[PDB]
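*Asks:* Okay, here's the structure, questions in a sec.
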Amino acid sequence: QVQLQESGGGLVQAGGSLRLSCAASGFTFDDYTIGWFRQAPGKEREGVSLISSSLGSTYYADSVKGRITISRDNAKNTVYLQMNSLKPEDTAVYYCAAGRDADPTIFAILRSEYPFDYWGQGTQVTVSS
Amino acid sequence: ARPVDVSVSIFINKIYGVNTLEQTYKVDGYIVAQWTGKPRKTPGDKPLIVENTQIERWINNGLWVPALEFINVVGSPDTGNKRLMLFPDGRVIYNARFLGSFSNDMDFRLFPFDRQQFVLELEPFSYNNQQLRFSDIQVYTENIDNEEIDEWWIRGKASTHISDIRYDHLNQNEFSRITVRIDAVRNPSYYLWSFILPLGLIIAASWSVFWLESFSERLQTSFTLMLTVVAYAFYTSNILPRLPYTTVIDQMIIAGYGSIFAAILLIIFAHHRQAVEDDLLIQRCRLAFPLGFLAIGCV
Amino acid sequence: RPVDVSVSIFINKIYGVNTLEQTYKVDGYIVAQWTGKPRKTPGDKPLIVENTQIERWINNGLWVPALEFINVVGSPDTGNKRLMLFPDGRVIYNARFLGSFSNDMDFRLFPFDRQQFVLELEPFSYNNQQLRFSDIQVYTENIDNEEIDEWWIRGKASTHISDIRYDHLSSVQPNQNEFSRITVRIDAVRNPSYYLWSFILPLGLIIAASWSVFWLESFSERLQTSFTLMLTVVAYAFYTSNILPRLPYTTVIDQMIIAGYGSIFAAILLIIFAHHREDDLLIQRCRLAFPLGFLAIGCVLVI
Amino acid sequence: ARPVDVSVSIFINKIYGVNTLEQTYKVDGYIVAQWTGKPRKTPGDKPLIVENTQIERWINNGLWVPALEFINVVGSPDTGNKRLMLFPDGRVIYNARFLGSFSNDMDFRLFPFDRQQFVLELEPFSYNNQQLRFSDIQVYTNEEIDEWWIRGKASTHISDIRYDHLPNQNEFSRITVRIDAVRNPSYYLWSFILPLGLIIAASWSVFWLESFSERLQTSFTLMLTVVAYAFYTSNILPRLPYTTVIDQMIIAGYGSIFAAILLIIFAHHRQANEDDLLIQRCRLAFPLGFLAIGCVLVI
Amino acid sequence: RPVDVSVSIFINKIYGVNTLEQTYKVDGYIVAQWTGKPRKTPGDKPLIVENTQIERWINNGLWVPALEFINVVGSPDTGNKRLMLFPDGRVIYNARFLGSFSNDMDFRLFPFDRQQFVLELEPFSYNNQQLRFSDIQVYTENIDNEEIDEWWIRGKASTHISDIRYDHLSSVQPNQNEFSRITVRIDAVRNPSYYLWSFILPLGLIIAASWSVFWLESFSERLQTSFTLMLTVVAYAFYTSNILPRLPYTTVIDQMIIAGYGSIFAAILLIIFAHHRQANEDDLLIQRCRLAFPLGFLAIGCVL
Amino acid sequence: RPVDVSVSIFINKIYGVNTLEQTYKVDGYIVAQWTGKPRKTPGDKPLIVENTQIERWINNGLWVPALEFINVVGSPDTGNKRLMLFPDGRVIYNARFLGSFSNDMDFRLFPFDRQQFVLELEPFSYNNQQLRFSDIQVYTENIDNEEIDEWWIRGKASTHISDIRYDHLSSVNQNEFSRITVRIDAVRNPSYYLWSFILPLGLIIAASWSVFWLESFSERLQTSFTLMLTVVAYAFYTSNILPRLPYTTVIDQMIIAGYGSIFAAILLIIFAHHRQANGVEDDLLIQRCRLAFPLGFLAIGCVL
Ligand SMILES: [Ca+2]
Ligand SMILES: [Ca+2]
Ligand SMILES: [Ca+2]
Ligand SMILES: [Ca+2]
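Now the structure itself:
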């Protein structure tokens with residue numbers, strides 16, 4: 001069965017960094033477009049960053065551009081979301097989605113959440129001071 | 009929530025390939041559908057064009073493109089180029105070229121002077137009128153000035169209707190349906206000069222059997238006449254469309270058989286029913304037979 | 010436990026009868042409903058999945074069984090498809106189809122033949138222990154202008170759900186050989202108007218006119234005219250063959266054409282027999303005996 | 009590594025659409041292929057059914073599904089529903105519906121009494137008999157209504173095809193199925209052979225005419241009747257590059273009438289001046307002479 | 010700043026004229042060239058992208074506009090496709106096509122009709138403000154063995170680049186309703202050899218031989234023969250119809266067959282009129300119309 | 010360094026000749042072999058990649074050039090496909106195909122016409138500097154039972170590898188492509204047409220000469236109309252079966268000769284009965300042209 005085991009969340013001091021990890025299992029990793037999402041309390045779940053291997057596409061939300069870097073590693077079937085210079089606004093439940101027909105280029109326009117077949121449980125990321 | 013209003017525009021380029029027996033006809037044209045969906049962040053906030061193969065990719069990524077079905081199409085139509093124009097506000101304009109074989113109740117009894125109406129019935133495949141509604145329809149037929157060379161004469165700009173179809177065997186049972194009707198009249202020139210006119214001459218020339226002197230000449234000629242009608246019934250059948258009923262030409266052929274057959278019986282009756292003494296009136300029916308035929312012809 | 014599937018077939022058109030292939034075209038819709046495991050639909054409202062997107066759901070684990078038309082000749086032309094997924098778990102598959110179907114058809118009584126258009130539905134891979142047909146509903150439209158149609162649909166569609174026990178079932182072993190089959194039968198009668206007035210009626214006049222050879226005075230006139238008659242039947246057999254459907258047997262019209270040949274040929278023998286065996295009084299005056307003799311044999315052709 | 013043993017089962021539902029000139033025929037049926045591969049962990053240790061679209065997904069993941077080609081098929085066949093039954097022990101069962109146009113050497117010289125055999129030739133497209141071998145083959149197949161009468165149960169044979177124009185890996189296992197059938201000649205006997213016999217026989221009655229002018233003029237009406245019949249035959253009978261039985265009868269008809277024309281002229285112009295007593299009374303010699311030559315046409 | 014597109018069309022075959030549908034099949038190649046943003050091609054040499062790979066480049070951002078055949082009847086059969094990407098930015102799209110095209114065709118002068126095979130090309134989604142056709146080159150062959158061909162191409166292709174203005178358009182952006190359209194025209198003449206020798210010539214002999222009725226001695230011979238003549242024309246109309254193309258109007262041959270019916274029918278009236286309208292007495296001049304009837308027919312023939 | 014490609018074509022069937030379109034159907038296999046960069050295949054044994062999987066390898070970087078059939082009318086029907094990848098680097102592409110091909114065909118000598126079925130192969134995107142054809146091998150199944158076949162394949166096969174120069178290309184230089192050309196000579200089986208068309212027609216034309224053996228002028232003229240009608244009925248029987256062409260064949264000319272013979276006899280029958288010293292005096296030589304008319308016809312026949 002498909003398992004998107006997430007890790008690397010938790011509490012962080014304002015201005016600090018954090019590196020998320022999503023261990024993908026139960027599907028051919030390379031022919032998918034694994035990505036990351038976040039949902040703050042009482043706010044709609046937004047798209048953070050998405051990296052696809054089949055294409056050379058990489059989406060980055062405007063609220064996180066310049067302080068985020070998403071990367072792939074097919075050797076370990078994992079995706080790393082490094083967020084530097086964090087803020088209390090970044091506090092949310094970070095879900096890891098993985099879609100087959102999801103294109104990061106089209107996602108920047110549509111911001112659909114429809115082409116993601118498999119979703120993660122979510123890792124809580126809290127930022128304060 | 010409220011129904012998605014869809015503005016449709018159909019452009020008819022060609023209507024041809026009428027299949028009489030199947031009651032089908034081919035229609036080539038374009039279909040334009042416009043609706044407003046969830047806004048997007050189009051590159052440079054300018055309308056985005058998505059063509060053919062890329063349309064399916066946008067659907068996979070969440071773009072809502074409802075399937076609009078041609079109710080009266082016989083088999084899946086041939087879709088040419090497809091296009092999606094995505095506006096930043098939310099407007100979506102779907103445009104596609106199509107060629108399909110459509111069905112409609114067609115009566116060819118008045119052939120070659122029959123009048124038909126080519127119909128197109130459009131309707132959403134999965135969304136009822138509470139989810140998707142047709143706001144308006146505009147049909148654009150092209151004016152045929154060289155109408156002399158066309159098989160069918162499109163007589164009048166297209167008729168349009170937007171109704172609601174209630175489905176009993178499924184309160185979400187009603188669907189918005191566009192109905193287009195294009196009235197047309199057959200070009201009877203060819204059939205009048207090459208099929209009606211010669212037949213008239215054959216049927217008239219058959220009456221000259223009474224102008225023959227001898228009974229043997231009158232009866233033997235009638236068999237050459239009966240063979241001429243059979244030969245003509247064949248020249249007609251091979252060209253004229255196949256139907257489950259008789260047309261005007263078919264009835265003329267039947268009348269031809271009747272006239273010749275009636276003449277055969279009159280030729281024998283005159284020569285064998287007497288006190291060899293051909294009845295003065297019966298053999299001089301040279302004027303009575305054509306007038307009697309024309310009288311039955313008026314009925 | 011066996012999955013109960015409720016089917017509904019909508020027949021839009023029955024046409025394109027191929028006599029020699031014993032095939033006919035059927036356009037319509039197919040609806041299949043079954044209940045699966047409950048789902049989390051967006052806003053708890055039924056979810057519509059159209060065409061291309063259906064395959065995406067199947068790839069993700071949605072069970073959509075393949076229902077095969079047993080009597081379809083080649084893969085049918087499938088139009089629009091849809092899946093209606095309800096939150097309670099019930100699934101509704103709807104699709105437009107146009108397929109060429111086969112059935113044993115007898116056209117010996119042409120143009121007065123009566124046929125029944127059949128549709129046989131059955132799961133392609135699941136036996137009745139896995140998938141069972143609960144009910145079938147067939148909806149045929151009314152023939153508003155029946156006079157215009159080639160075929161007249163008489164009986165409202167007949168339906169029956171049976172169980173076909175397949176013999177040679179590979180690696181099924183205990184009981185994976187009973188399959189649930191839906192069978193639809195639509196009775197229809199051919200419109201004989203055209204064939205009666207343009208084929209039967211003129212042929213009658215040709216055959217009747219051929220009997221008038223006995224009313225001729227001279228033997229040379231009786232024999233020479235019969236050749237013009239023989240040529241008329243040949244011309245008519247050709248006019249018939251070029252329009253009538255091709256079949257591996259003779260129809261009513263074909264038998265009439267054969268009778269026409271026989272009548273003219275028999276008359277030729279009588280014409281020669283009377284003149285070479292001073293013309294016979296009775297034989298030459300068979301002007302009434304020949305038609306009645308033909309009509310007597312004609313009554314046996316019906317019975 | 010021994011060859012993969014493949015057990016095949018073919019179910020024939022319909023054989024139709026015989027094209028005489030192309031020497032083709034359509035076959036609708038099912039194809040079942042079973043082989044044993046590496047064991048798998050099927051979900052719930054029960055056979056797993058993989059239908060249509062999903063089959064290709066398993067192949068992309070590494071499932072070995074060899075391509076089996078119909079050697080004698082004319083173009084890619086129409087494949088209906090497909091299915092893969094994957095067992096935990098490793099055995100795989102491929103089942104698919106198919107409709108294909110097949111070719112075979114067909115001789116229609118004995119038409120309408122010709123006997124044909126419908127053949128199916130199956131063979132792996134890429135794997136030789138050292139890699140893939142056919143272990144066994146099983147074929148599963154109101155006659156008055158059918159155009160063709162299937163005689164016996166299908167014949168089957170598994171052979172090895174050696175490709176000369178390519183070690184010893186040049187042999188491929190080929191399944192060959194043969195279904196014997198006989199044409200239903202009822203229609204052709206009563207509507208073509210029988211009337212033709214009457215036309216040819218009636219042509220001999222020209223000798224029973226009294227006058228030379230009557231004998232010669234009538235023979236032209238006879239000649240025209242054969243032409244009209246040759247046309248009626250050609251328009252219905254299948255197109256072939258050779259003559260059939262019916263065609264030869266038509267040729268014999270031309271000969272008989274033409275020979276009679278020569279005899280009619282010979283009798284009236286070759287004498288002391292006087293119709294030759296024997297020649298003019300060949301009313302019995304001409305039919306017997308024709309029947310004699312007719313018997314040689316059979317033997 | 011509209012994108013300039015250079016088009017080149019290679020016509021390999023024009024065949025399958027459907028008279029009733031007013032269609033004609035065209036096999037050939039289509040080449041479209043435009044200049045885009047420079048690219049980093051492998052070894053700075055032009056890069057070839059064939060068939061399936063084209064779609065992959067489009068998914069990654071390559072702009073390949075859809076050029077539609079305006080007058081094509083249904084989707085054409087596209088063979089091999091190719092993109093030649095240059096490092097300087099110029100893109101060359103090449104594809105083989107076979108399509109059934111439509112045009113207004115008049116066959117009234119059959120078998121001496123002259124037609125022009127047209128190809129109308131236009132971008133499917135981009136107006137003349139976005140995409141313009143700069144030039145068009147049409148390359149037909151030089152048929153030396155025209156005698157074997159059904160149609161004779163006379164003169165090299167004609168070309169026309171214009172602007173099509175649609176009144177009922179979607180957007181209202183002032184002056185963006187015009188599309189650049191390429192129009193190609195190839196003139197051709199039917200090969201009438203077959204129809205002249207096998208249809209016109211025999212028909213002439215049938216009609217001429219029909220005038221021989223007046224050379225017969227007896228009235229019974231004149232009238233009975235005219236029925237065999239009437240049957241000959243019917244037998245010929247049938248031989249004509251079964252071979253000649255189907256049309257919604259009469260051709261030259263059809264009119265000749267109608268004239269044949271008229272001539273025979275007129276002769277039947279004259280034969281009866283001469284034998285029944287007299288003092289007692293077959294009219295001398297009317298029965299000796301053996302020269303007046305053909306000349307009267309030829310006079311009406313020339314007027315037609 | 011041009012990539013050398015070895016081709017092998019297996020012809021299984023040649024049929025479906027369309028006379029008017031000058032097309033014919035060909036079923037067979039196409040094998041193409043070239044050498045690329047070595048690879049490490051499972052167990053160092055040749056790797057078989059069938060159908061759907063071929064496209065996956067292309068997406069990953071495998072170079073599979075598109076070879077176009079120059080003279081194919083519309084995209085051919087490709088059956089099973091396969092790629093045999095060897096560890097040393099050599100690639101073998103094998104595919105089943107069914108295609109409709111075109112070639113200049115002359116049917117004037119019908120039913121004794123000899124045709125050559127041609128196959129023209131060429132790379133779609135790579136010139137002779139990039140891809141060259143090294144050799145061609147054509148294999149044909151022997152039609153032992155040729156009596157049953159409509160066509161008789163004479164020549165075993167002909168093959169030729171040439172270089173096609175294009176005087177119009179994208180690269181403002185390499186404008187030469189390697190082309191394989193296959194030619195298969197065939198002769199039509201004339202048995203059917205000789206016995207069912209030529210032979211009966213001969214008897215009809217010969218029987219038409221017997222009009223001179225009639226005694227009365229009324230008999231000679233009236234019979235000639237039944238003769239004229241017989242030729243029309245035969246021209247129809249011929250046209251309905253014989254292939255449609257833009258020119259006349261041998262059979263067509265015979266039918267025309269039939270019309271001419273009967274028409275010439277009608278003129279002679281009238282001339283003999285109306286041109287004399289008396290009112291009714293049939294010219295001794297003209298009416299006894301029973302031998303001169305057939306020889307005159309045969310004379311015209313021999314030169315044609
Ligand atoms: Ca209806
Ligand atoms: Ca049966
Ligand atoms: Ca027009
Ligand atoms: Ca040419």
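Chains as they are written, first to last, in the entry's author numbering: chain K, 1 to 129; chain A, 9 to 178, 184 to 288, 291 to 314; chain E, 10 to 286, 292 to 317; chain D, 9 to 149, 154 to 178, 183 to 289, 292 to 317; chain B, 10 to 289, 292 to 315; chain C, 10 to 181, 184 to 315.
Even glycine gets a Cβ: it sits at the ideal position worked out from N, Cα and C.
Taking the Cβ atom as the reference point for each residue, do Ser84/B and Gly88/A lie within a distance shorter than 8 Å?
*Replies:* Position 75 of the fifth sequence holds residue 84/B. Position 80 of the second sequence holds residue 88/A. Contact flag set, yes.
*Asks:* Hey, is the region 56 to 71 of chain E in contact with the region 25 to 43 of chain E, meaning 3+ C-beta pairs nearer than 8 Å?
*Replies:* The region 56 to 71 of chain E, when compared against the region 25 to 43 of chain E, does not touch it at the 8 Å Cβ threshold.
*Asks:* Please confirm if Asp31/K has its CB atom under 8 Å from at least one CB of chain E.
*Replies:* Along the first sequence, read from residue 1 onward, the residue named residue 31/K stands at position 31. False, the Cβ-Cβ gap to chain E never drops below 8 Å.
*Asks:* May I have the straight-line CA-CA distance separating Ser189/A from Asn137/A, to the nearest angstrom?
*Replies:* Within the second sequence, the letter at position 176 stands for residue 189/A. Within the second sequence, the letter at position 129 stands for residue 137/A. Taking the straight line joining both Cα atoms gives about 5 Å.
*Asks:* On the criterion of 16 or more Cβ atoms from any shown chain inside 10 Å, does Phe121/D qualify as buried, or is it exposed?
*Replies:* As a first step, residue 121/D must be located in the fourth sequence, where it is residue number 113. Exposed is the call here.
*Asks:* CA-CA distance, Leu214/C and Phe274/D?
*Replies:* Translated into the one-based positions of the sixth sequence, residue 214/C becomes position 203. Translated into the one-based positions of the fourth sequence, residue 274/D becomes position 258. About 7 Å.
*Asks:* At a threshold of 7 Å, does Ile152/B count as lining ligand 4 (C-beta to nearest heavy atom)?
*Replies:* The residue labelled residue 152/B in the question sits at position 143 within the fifth sequence. Correct: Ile152/B has its Cβ closer than 7 Å to ligand 4.
*Asks:* From the DSSP output, read off the bridge partner residues of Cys96/K.
*Replies:* Here residue 96/K refers to the residue found at position 96 when the first sequence is read from its first residue. Paired residues: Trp36/K.
*Asks:* Can you tell me which of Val125/K, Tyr95/K, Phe107/K, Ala108/K puts its alpha carbon nearest to the alpha carbon of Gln5/K?
*Replies:* For the purposes of this step, residue 5/K is taken as residue 5 along the first sequence, with counting starting at 1. Out of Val125/K, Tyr95/K, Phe107/K, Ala108/K, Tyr95/K has the C-alpha closest to the C-alpha of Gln5/K.
*Asks:* Residues of the region 75 to 97 of chain B with a CB closer than 7 Å to any CB of chain A: list them in chain order, please.
*Replies:* Against chain A - using a Cβ distance shorter than 7 Å - the residues of the region 75 to 97 of chain B are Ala75, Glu77, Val82, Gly83, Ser84.
*Asks:* Given 7 Å as the limit, tell me if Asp196/C has its C-beta closer than that to any heavy atom belonging to ligand 6.
*Replies:* Because ligand 6 does not appear in the structure shown, any question about it cannot be addressed here, the ligands present being ligand 1, ligand 2, ligand 3 and ligand 4.
*Asks:* Using the C-alpha atoms, what's the distance from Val35/C back to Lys22/C?
*Replies:* Within the sixth sequence, residue 22/C is the residue found at index 13, counting from 1. Within the sixth sequence, residue 35/C is the residue found at index 26, counting from 1. Computed Cα separation, rounded: 6 Å.
*Asks:* Compile a chain-ordered list of the residues in the region 25 to 51 of chain K whose CB is closer than 8 Å to at least one CB of chain A.
*Replies:* Of all residues in the region 25 to 51 of chain K, none has a Cβ within less than 8 Å of some Cβ in chain A.
*Asks:* Less than 8 Å between C-beta atoms, sequence neighbours within five positions excluded: which residues of the same chain meet that for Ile266/E?
*Replies:* In the third sequence, residue 266/E corresponds to position 257, counting from 1. For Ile266/E, where only same-chain residues beyond five positions count, the Cβ hits under 8 Å are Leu212, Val242, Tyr245, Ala246, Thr249.
*Asks:* Taking 8 Å as the cut-off, decide whether the C-beta atoms of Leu118/D and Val193/D are in contact.
*Replies:* If you number the fourth sequence from 1, residue 118/D lands on position 110. If you number the fourth sequence from 1, residue 193/D lands on position 177. It is not a contact, given that the beta carbons lie outside the stated cut-off.
*Asks:* Go ahead and label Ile152/A buried or exposed: buried means 16 or more other beta carbons lie within 10 angstroms of its beta carbon, across all protein chains shown.
*Replies:* Start at 1 with the first residue of the second sequence, and residue 152/A comes out as number 144. With fewer than 16 other Cβ atoms within 10 Å, it is exposed.
*Asks:* For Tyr148/D, would you say it is in contact with chain E, using Cβ-to-Cβ distances shorter than 8 Å as the test?
*Replies:* If you number the fourth sequence from 1, residue 148/D lands on position 140. Cβ-Cβ to chain E under 8 Å: yes for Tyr148/D.
*Asks:* On the DSSP letters alone, give me the boundaries of the beta strand (DSSP E) that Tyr33/C sits inside.
*Replies:* Within the sixth sequence, the letter at position 24 stands for residue 33/C. Note, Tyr33/C: beta strand (DSSP E), 32 to 44.
*Asks:* When every heavy atom of ligand 1 is checked, does at least one fall within less than 7 Å of the C-beta of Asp158/E?
*Replies:* Stepping through the third sequence from its first residue, residue 158/E is reached at position 149. The answer is yes for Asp158/E.
*Asks:* Under 8 Å between the Cβ atoms of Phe236/D and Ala276/D?
*Replies:* Walking along the fourth sequence from the start, residue 236/D turns up at place 220. Walking along the fourth sequence from the start, residue 276/D turns up at place 260. Contact flag unset, no.
*Asks:* At which residues does the alpha helix (DSSP H) containing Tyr80/K begin and terminate?
*Replies:* For the purposes of this step, residue 80/K is taken as residue 80 along the first sequence, with counting starting at 1. No alpha helix (DSSP H) holds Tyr80/K; the beta strand (DSSP E) holding it covers 78 to 83.
*Asks:* Sorted by chain position, which residues of the same chain lie with C-beta nearer than 7 Å to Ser15/A's C-beta, five sequence neighbours on each side aside?
*Replies:* Reading the second sequence from its first residue, position 7 is the one you call residue 15/A. Counting only Cβ-Cβ distances below 7 Å, and skipping sequence neighbours, we find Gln42, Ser143, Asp144.
*Asks:* Cα separation between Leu278/D and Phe126/B?
*Replies:* Residue mapping note: residue 278/D aligns to position 262 of the fourth sequence, counting from 1. Residue mapping note: residue 126/B aligns to position 117 of the fifth sequence, counting from 1. Spanning the two alpha carbons is a distance of roughly 56 Å.
*Asks:* What does the alpha-carbon distance come out to for the pair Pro74/A and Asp13/A?
*Replies:* Here the question's residue 74/A lines up with position 66 in the second sequence. Here the question's residue 13/A lines up with position 5 in the second sequence. Distance between the alpha carbons of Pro74/A and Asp13/A is about 12 Å.
*Asks:* Mind the definition here: the region 118 to 125 of chain K touches the region 9 to 18 of chain K only if three or more C-beta pairs lie below 8 Å; say whether that holds.
*Replies:* Segments in contact, yes.
*Asks:* Going by DSSP in three states, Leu178/B sits in which element: helix, strand or coil?
*Replies:* Position 169 of the fifth sequence, counted from the first residue, corresponds to residue 178/B. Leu178/B falls in the coil class under three-state DSSP.
*Asks:* Identify the contact partners of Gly25/C in chain D, using a Cβ-Cβ distance below 9 Å as the criterion.
*Replies:* Position 16 of the sixth sequence, counting from 1, holds the residue named residue 25/C. Near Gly25/C (Cβ distances below 9 Å), the residues of chain D are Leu29, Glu30.
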